[PDB]
């Protein structure tokens, strides 16, 4: 039920607390280069749905459900980037490819990509076999 942008907010809030222990509306407005009123509008939508609370002095605080979602999105990002690096996407394209597909994949496809990323590591000579296919095509 959360929109993609709502997920992006919860992940960004989780990562602000990872960075300095607190998440501020001004932090998000500055990182996004948007007006703080659009951040407070999004925060209100996340509050109303019990993904976070706000207290004056402590700032934005994730609920159990909000923190569950934020962490999952960090992991999905890490997983998709592992995948694209494994198959050889160059450093010019990999960041926007990860951002591009992370909200347009079913969790089924995310899980299947996870199995793929695990497969190339359980016997890492699989990765060298893959690199050789790419070399042969050049």
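Positions refer to the first chain, counted from 1.
Student: Quick one: say whether 13-21 or 124-132 has the higher mean Cα B-factor in the deposited entry.
Tutor: Per the deposited B-factors, the answer is 124-132.
Student: Mean CA B-factor: is it higher for 60-68 or for 106-114?
Tutor: Mean C-alpha B-factor is greater for 106-114.
Student: Highest Cα B-factor in the deposition, which of 54, 95, 51, 83?
Tutor: Of 54, 95, 51, 83, 95 has the highest C-alpha B-factor.
Student: Rank-wise, by C-alpha B-factor, drop residue 101 into the lowest, middle or highest third of its chain.
Tutor: Top third by C-alpha B-factor.
Student: Among the modelled residues of this chain, does the Cα B factor of residue 78 put it in the lowest, middle or highest third?
Tutor: Tercile = middle for this residue's CA B-factor.
Student: Where does the C-alpha B-factor of residue 27 rank in its chain, lowest, middle or highest third?
Tutor: CA B-factor rank for residue 27: lowest third.
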